[PDB]
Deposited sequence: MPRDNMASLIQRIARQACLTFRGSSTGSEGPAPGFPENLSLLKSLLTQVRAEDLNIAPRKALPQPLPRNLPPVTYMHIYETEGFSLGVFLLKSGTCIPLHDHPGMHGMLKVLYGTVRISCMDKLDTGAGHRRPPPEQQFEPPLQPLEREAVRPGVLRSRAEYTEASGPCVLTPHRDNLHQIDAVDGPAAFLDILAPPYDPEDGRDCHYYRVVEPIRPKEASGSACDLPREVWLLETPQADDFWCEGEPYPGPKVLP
């Protein structure tokens, strides 16, 4: 069986904390470490002649397989693009770079269910906050920023750690195979929401670093469309 098919089988077994989950997650990570662009029939892509249409998607998605337990697919970023900061509520995540370089910034929202965690009213922000914006801004933590190439191992996130991240293409196009479990499902309250860091105007700090996060629609210059998957087909 192809590698992508064995990834799907192991993912199905891994995602259905149950007994044996940590060992299964380890086996899945080992399989993803092995994945190469050619295993998916994808050739690495270089920058397009940048007289590019404004209707051209900055990012595209190849669907491979999705169940109630997990989703498996490939995101392909054009030059100079990014998948902006977003969350994966109650989800595990695991991705492997296929070509190019991406910068992955990892953050977490602090739990604010108990209330009263708005910024100090006297604190001011770069592009000042609208009243509705300030009412919604909540604290978070910037945990890491790192560059990943096809030689790097998988980048992994859990429901409770590194659950927010941004993925920027560095010095050219890039692509990664992504596994999410459970998949996004608005019907179950698992929305793919976007966030923007707001910078306070009060005259640096090492990571981990306190940040202020605001839920927002994705940036105007970002959207993702599907394109055909050319690799080995995955079956049940």
In sequence order, which parts of the deposited sequence are missing C-alpha coordinates? 1 to 6, 23 to 30, 218 to 223
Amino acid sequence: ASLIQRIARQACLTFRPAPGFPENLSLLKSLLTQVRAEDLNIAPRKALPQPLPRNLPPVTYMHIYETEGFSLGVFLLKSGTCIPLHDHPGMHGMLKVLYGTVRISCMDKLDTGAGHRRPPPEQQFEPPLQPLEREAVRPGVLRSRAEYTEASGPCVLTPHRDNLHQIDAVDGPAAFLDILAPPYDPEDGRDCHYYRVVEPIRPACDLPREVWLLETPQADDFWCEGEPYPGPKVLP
From here on, numbers count along this sequence of modelled residues.
Mean CA temperature factor from the deposited coordinates, higher in 23 to 31 or in 48 to 56? 48 to 56
Between the two ranges 94 to 102 and 153 to 161, the one averaging a larger CA B factor in the entry: 153 to 161
Among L85, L110, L129, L142, the highest C-alpha B-factor in the PDB entry belongs to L129
According to the Cα B-factor stored in this entry, which of the following is highest: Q124, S71, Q166, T81? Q124
Rank-wise, by C-alpha B-factor, drop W223 into the lowest, middle or highest third of its chain. lowest
Would you check the entry's CA temperature factor for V170 and let me know if it's in the chain's lowest, middle or highest third? middle
Relative C-alpha B-factor of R36, binned into the chain's lowest, middle or highest third: lowest
Would you please rank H63 by its C-alpha temperature factor against the other modelled residues of its chain and give the third it falls in: lowest, middle or highest? lowest
So where's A8 on the chain's Cα temperature factor ranking, which third? middle
